Amino acid sequence: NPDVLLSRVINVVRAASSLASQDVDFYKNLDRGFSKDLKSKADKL
Amino acid sequence: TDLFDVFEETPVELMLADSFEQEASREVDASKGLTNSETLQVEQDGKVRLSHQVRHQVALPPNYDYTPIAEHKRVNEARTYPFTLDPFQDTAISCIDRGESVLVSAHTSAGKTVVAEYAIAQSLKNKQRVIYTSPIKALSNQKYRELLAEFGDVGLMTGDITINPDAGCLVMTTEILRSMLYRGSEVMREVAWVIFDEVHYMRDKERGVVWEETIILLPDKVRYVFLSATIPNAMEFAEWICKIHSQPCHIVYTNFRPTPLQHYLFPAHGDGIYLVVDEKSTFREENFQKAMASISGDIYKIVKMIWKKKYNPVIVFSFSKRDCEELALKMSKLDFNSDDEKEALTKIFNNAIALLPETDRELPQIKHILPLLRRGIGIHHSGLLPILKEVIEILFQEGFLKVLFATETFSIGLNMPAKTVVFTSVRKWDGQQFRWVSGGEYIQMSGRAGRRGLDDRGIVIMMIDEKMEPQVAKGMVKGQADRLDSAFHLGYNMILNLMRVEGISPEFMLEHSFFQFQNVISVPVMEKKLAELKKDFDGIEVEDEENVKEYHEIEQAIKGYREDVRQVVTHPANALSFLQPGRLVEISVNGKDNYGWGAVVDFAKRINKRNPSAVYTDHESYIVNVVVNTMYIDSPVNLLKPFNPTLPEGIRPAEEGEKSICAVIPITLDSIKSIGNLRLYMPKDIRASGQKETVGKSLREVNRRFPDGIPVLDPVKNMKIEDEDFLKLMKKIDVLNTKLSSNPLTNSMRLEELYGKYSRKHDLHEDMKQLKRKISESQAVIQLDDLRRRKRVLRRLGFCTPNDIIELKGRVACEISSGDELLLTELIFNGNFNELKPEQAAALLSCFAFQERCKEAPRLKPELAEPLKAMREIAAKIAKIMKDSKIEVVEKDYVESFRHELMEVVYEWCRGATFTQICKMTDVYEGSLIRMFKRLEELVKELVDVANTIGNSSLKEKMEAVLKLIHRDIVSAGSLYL
RNA sequence: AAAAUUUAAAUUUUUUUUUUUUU
């Protein structure tokens, strides 16, 4: 069904738009494990 | 709230062996030519020695059992020969006799013929069949009647005429093999030897696809012969072949000269006649420079002199057909046959006209040319009739016609030798430019003069009309063998039948296409470099500590966080209202050339008066000038322009031990590294030779005042910049302020040096894969992107499934090669010929069978033009999707690929018009008409195929109805050699 | 401005008599 699952895509589209909006490199400095979790969340991707 | 606007919002933001060259040298009878001195140094016999080269090498499969062919004692002359054969020919026939394929690449006069003569009988005595190749019918017509006289039992295969289909020996043109390699002639199944002549036409950007692919389509059992003009890069071919059919292949190079050549320069209306290249192939500078001196119609002096010199025959070369006809008239007051010979001319000539109808025995163009032909004079170009084309060359070969006015066919048209070659136009049009002719062009355009057993020498005479550059006349005449590389492209009928034949693929063609041999050769060298780089990397690869990587990972976080701040330090609507003279400032232009600490001369803005609409940065329209004492002594102080930051080179700081001076540079806000908080005496005296040098010593006195460091204008405390954007930005460094100092061995255990220990590993970490990306980028078939677009096309056309299974639509043009197969399916699938008559649709078939543009035809009778308007409507939508295919084809230019002008003449030959009458309706020469007429039969016959495959019974009634109405009187032309 | 480019359709002999279907 289009209107359901794409609304869930739009939900994650905005969340994807919500992702690299913050400065992300600063805790990649403060640990690898931030970056590695960001790597692990990219492993979902 | 369109559903792509969520993309738009801003978020919520906080092999080589048997390699030898051999030498061969003989003596030649003396000759002076038309220079009155001898051409070379004489020997004691009155002879003149020449010498030439015999290279041999062979390409190797891996692990192959090799014995040297120089040792190969040939047990039997499978063809014996009357005279002494040559050493490379001796080297040649052993390769045939021992049974491996071989390229020999020589000139046509050398005797490459003789090697082809041998393998026939070795095929014949083993009852094998053999293919002799040619690009031209008349090349075969030479070789056929020759071999027909020689061995007799030889099959000829031509689009014009087949003779004796089940003979033992076969002579045929290139595409017929390709055609009978697609549908698998069993004719092939008794063939073990192939004679490829004219191999270098693989670099034909027009047709060279055929020679390349057909060799790829060979079974690997077969032995092969390869004959072509001398190329320097012959081995590449053998290096290509020996893998892809997996058997050895020899090479033989020579540069041999059969009859000896003498190059002369005639300035048009100049009177110097200068041997500038001897038979020993030496550039005479001085004769050329005398020819440079002797440069201050003209032919008519030259020829009777040559006729006084008795250097008949003589061949004139234009760069266009019409020029010869002019040059025919510029010479025609002479005569060079006896009336016995002119009776011998005319009587035999009428036998040439005997094979025409008596109505055709009075055709106008032949009436005109015949008195020139009576005058011992001939012209060569395509535009004549083929019956005209053959009779001349005969009489040329039988020497009645001392003169030939020729173009580039007769350059390729061999077995018709000359004594004297005339270069009337030095340059020549190459499709793009009337260019200075390149080397192997001229070398191919050289050797045609000089009969082997008869002519003493070769006479080379070039008329020039420019004082040419010296290396160009070298690069033309002291020439180079031109490089032979694949002109492989794609074509859709090929794309058809490789799906239609099951066993192989079009991709498979690309795996063995020579067009990527560029992508073959240099890469193992770079692999060797990679095999080097994968080793040198392994030396520094492990340091003492892992944390130095993490320190570099800290340093990676260090290096970027300083990077982002300086572009915010260099703020465009800042470093402003603080730029006053004497304010002590740190100077580092653009992040490229750091100039220490200086004092502001002034601040200004660059005004662009010459270009109103250009862009400077809001940094860079602002011009600051600053005295530094960090200027190098030998910088071009006089060459930098005031208030322009365009600094030339040599302007730099004083390097290690170099003398520092003071100078003033125009700088912008990008040059500002930082700005301090002190103001010394900045002189209102601008430039009086020692106020900028008092700045720098005062800078040195300020370098006495703060030798440690100037308190910089803090954006917090001094410039009072208070932005939550700006202040939170520094926090990235405010970890590095902490954490770098916090880390164990920040610089203990020589970690600074151990950084470079890591870094020299880390650079090797970078640059191999950087190279290895390039090599992995240097892998694949680059043509797939073309092909993958063409895979779209037929699916868009419905010629096959997306599972690539060919439809009946695509099954149509399987017997179509002779035209646009992409269009011709759709026209018949648009069925517009149901109400076309045989006179009507034939004019539409004139829209295919001919390419070269000419004068405008009128807008014809619209029952032609409206179908012509109809087919034009079809191909656009086709080319539309081709434009949609990312296939870079101009749809407009794709239409004028179709030429629509002879349709009237086509419409009237359908109505039984006279050949005489229709000659009036064009400038296009009469054979060229027949060259599309006999093309048009090949079309209509392949059109007869289609309704058989569809069942359009009306069409089949209509198809041969056309074929009746074209195939007739003058279209029935046959040749004389056959 | 020249230059030239394509095909191929199949031949000569072994068999057994007829009636007979419901006013």
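Residues numbered from 1 in each chain as written, not as in the entry; some residues may be left out. Chains lettered and ligands numbered in written order. Part of a larger assembly, values for the part shown. Heavy atoms only, no water. Residues with missing side-chain atoms left out of burial classes, pairs and counts.

As documented in the archive entry, the model was determined using cryo-EM at 4.6 Å resolution.

The name the PDB entry gives chain B is ATP-dependent RNA helicase DOB1, with Saccharomyces cerevisiae as the organism. UniProt, in its Catalytic activity section for chain B, records the words "ATP + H2O = ADP + phosphate + H(+)". If you open the UniProt record of chain B and go to Subunit, you find "Component of the TRAMP complex (also called TRF4 complex) composed of at least HUL4, MTR4, PAP2/TRF4 and either AIR1 or AIR2." (UniProt positions renumbered as here; feature names shortened; annotations may be inferred.)

Chain A is annotated in the PDB entry as Exosome complex exonuclease RRP6 from Saccharomyces cerevisiae.

A.B. asks: Please clarify how the sheet that holds strand β22 (residues 660-667) of chain B should be interpreted in this entry.
C.D. replies: Sheet strands associate in pairs through backbone hydrogen bonding, adopting either a parallel or an antiparallel arrangement. All names here are of chain B. One open sheet holds the five strands; their spatial order is β22-β21-β20-β19-β23, and the pairing between them is antiparallel. Every interior strand has two partners, whereas the edge strands, β22 and β23 (672-679), have only one. Strand-to-strand, the axes of this sheet are offset by a mean angle of 30°, without reference to chain direction. Relative to β23, strand β19 (residues 583-589) is paired through four bridges, and the arrangement is antiparallel. Residue pairing for β23: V585 is matched across the bridge by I675. (Pairing = 2+ DSSP bridges. Helix = DSSP H or I, 4+ residues; strand = E, 2+ residues; numbered from the N terminus. Axes fitted to C-alpha atoms, helices over the stretch in contact; angles between N-to-C directions.)

A.B. asks: I keep staring at the pairing of strand β4 (residues 129-134) of chain B and nothing clicks. Help me out?
C.D. replies: Each regular strand shows side chains that alternate between the opposite faces of the sheet. Residues and elements named next belong to chain B. The buried fraction of β4 amounts to six of the six residues, a majority that puts the element mostly inside the structure. Burial of the side chains of β4 extends over both faces: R129, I131 and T133 are buried on one face and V130, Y132 and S134 on the other. When β4 meets strand β7 (residues 191-197), the two strands line up parallel, connected through four bridges. Directly across from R129, in β7, lies its bridge partner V191. In terms of strand pairing, β4 meets strand β6 (residues 169-173) through five bridges, oriented parallel. Among the inter-strand pairings, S134 is bridged to a residue of β6, identified as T173. (Buried < 20%, exposed > 50% of the residue type's maximum accessible area, 1.4 Å probe, protein only.)

A.B. asks: Honestly, the interface of chain A and chain B in this entry has me stumped. Any pointers?
C.D. replies: The parts lose accessible area when they come together, and the size of an interface is often stated as this lost area. Residue-level contacts link nine residues of chain A with 13 residues of chain B. Broken down by element, the side of chain A that touches chain B gets its largest block of residues, four residues, from helix α2 (residues 25-30) of chain A. Split into classes, the residues belonging to the side of chain A that touches chain B amount to three nonpolar, four polar and two charged. (Contact = heavy atoms within 4.5 Å. Nonpolar A, V, L, I, M, F, W, Y, C, P; charged D, E, K, R; others polar.)

A.B. asks: Would you mind showing me how to read the sheet that holds strand β9 (residues 249-254) of chain B here?
C.D. replies: Residue and element names in this part refer to chain B. Taking strand neighbours across the sheet as the criterion, the nine strands line up as β1-β2-β9-β3-β8-β7-β4-β6-β5 in an open arrangement whose pairing is mixed. Sheet topology places β1 (16-29) and β5 (154-157) at the edges, where each strand pairs with a single neighbour. When strand polarity is set aside, the average angle formed by the axes of neighbouring strands in this sheet is 15°. Those strands touched by helix α2 (residues 112-124) are β3 (101-105), β4, β6, β7 and β8 (223-228), and its axis lies near 165° from that of β7.

A.B. asks: Would you explain the protein's contact with RNA strand C in this entry?
C.D. replies: Residues and elements named next belong to chain B. The full set close to RNA strand C counts 23 residues, and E175, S179, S382, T407 and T409 are the nearest of them. Interatomic distance of 2.6 Å between a side-chain N/O atom of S179 and a base nitrogen of RNA strand C. Here a base nitrogen of RNA strand C sits 3.3 Å away from a polar atom, N or O, in the main chain of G431. Residue assignment for the surface near RNA strand C shows that the elements contributing at least two residues are α4 (174-182) and α33 (926-950). With four residues, α4 is the single largest residue contributor to the surface near RNA strand C. Looking at the surface near RNA strand C residue by residue, the classes come out as five nonpolar, eleven polar and seven charged. (Near = heavy atom within 4 Å. Polar contact = N/O pair within 3.5 Å; in protein donor to acceptor, adjacent residues only side chain to side chain.)

A.B. asks: Explain unusual backbone geometry to me, please; I cannot follow it from the model alone.
C.D. replies: Keep in mind that most residues, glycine aside, have a negative phi and that most peptide bonds are trans. All names here are of chain B. For the bond from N312 to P313, the omega torsion is 0°, close enough to zero to count as cis. With respect to the helices, strands and loops of the structure, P313 is situated in the loop between α8 (299-309) and β12 (314-317). Positioned with a positive phi, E198 is a non-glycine residue whose angle comes to about 60°. Looking at where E198 falls in the secondary structure, it is placed in the loop between β7 and α5 (208-216). For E198, a relative accessible area of 12% translates into the label buried. The backbone of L745 shows a phi angle near 50°, a positive value even though the residue is not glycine.

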